[PDB]
Structure formats: structure tokens, C-alpha cells
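Colleague: Let me see the structure of the following:
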Amino acid sequence: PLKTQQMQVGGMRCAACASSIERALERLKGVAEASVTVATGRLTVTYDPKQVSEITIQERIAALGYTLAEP
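Modeller: Residues are numbered from 1 along each chain as shown. Below is the structure:
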């Protein structure tokens, strides 16, 4: 099984910087779909909640210079 999830992200907005997050998508294990919004600065991702977790989007935001919020 695999399901959608969406999050706020500190500092991805207003620039092409979202491409440093979304280019890596197609290299990850445990995903199938995702979509940035630069206008507002948010993200949606589809992943397998048993092969992976929010950890398949957390490190890819935290090491890229930003912070994840999934409340």
C-alpha cells in the first residue's frame, strides 16, 4: 500500500529551490508520486507507510537547508 501526505516547509517558497527537493524523488525507494508548490512554499508526496515514513522526506529537507512541518 501507498498513500498521499502533504506538509509545510520552512524556506522552499519564492525560488527554484523546490527542484533540489523534487529532483531526488525519482531516485528514492518506497515512493510513487509527488508535487511542489513554490507559490505558497508547500509539498505533497505519495509513499509506502511500511517500506518508509516521513523520514523519506525529512532528511531531504533538513540537509538541503530547510525544515519539515507535518502536523
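Colleague: who touches the most centrally placed residue in the chain in this structure?
Modeller: Central residue of the chain (CA atoms, centre = their mean): residue 57, 4.5 Å from the mean position. Residues in contact with residue 57 (CB atoms under 8 Å, 6 or more residues apart in numbering) are 5, 7, 43, 45, 47, 68. Where C-beta positions appear, they are placed from N, C-alpha and C, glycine not excepted.
Colleague: Next secondary structure element downstream of whatever helix or strand it lives in?
Modeller: Per DSSP states H and E, residue 57 falls inside helix 55-62. As assigned by DSSP H and E, the chain's next helix or strand after helix 55-62 is strand 67-69.
Colleague: Neighbouring strands of that following strand in the sheet, and parallel or not?
Modeller: strand 3-10 (antiparallel) (DSSP bridges).
Colleague: how about the strand it pairs with as CSV, C-alpha atoms only?
Modeller: Listed next in CSV are the C-alpha coordinates belonging to strand 3-10 (Å, rounded to 0.1, in the frame of the first residue of the first chain):
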residue,chain,number,x,y,z
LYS,A,3,-0.8,7.0,0.2
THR,A,4,-0.6,10.8,-0.2
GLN,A,5,0.8,13.2,2.5
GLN,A,6,1.3,17.0,2.5
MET,A,7,3.4,19.4,4.6
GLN,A,8,4.6,22.9,5.2
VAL,A,9,8.3,23.6,4.6
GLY,A,10,10.4,26.5,6.0
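Colleague: buried sites along that strand?
Modeller: 5, 7, 9 (16 or more other CB atoms under 10 Å).
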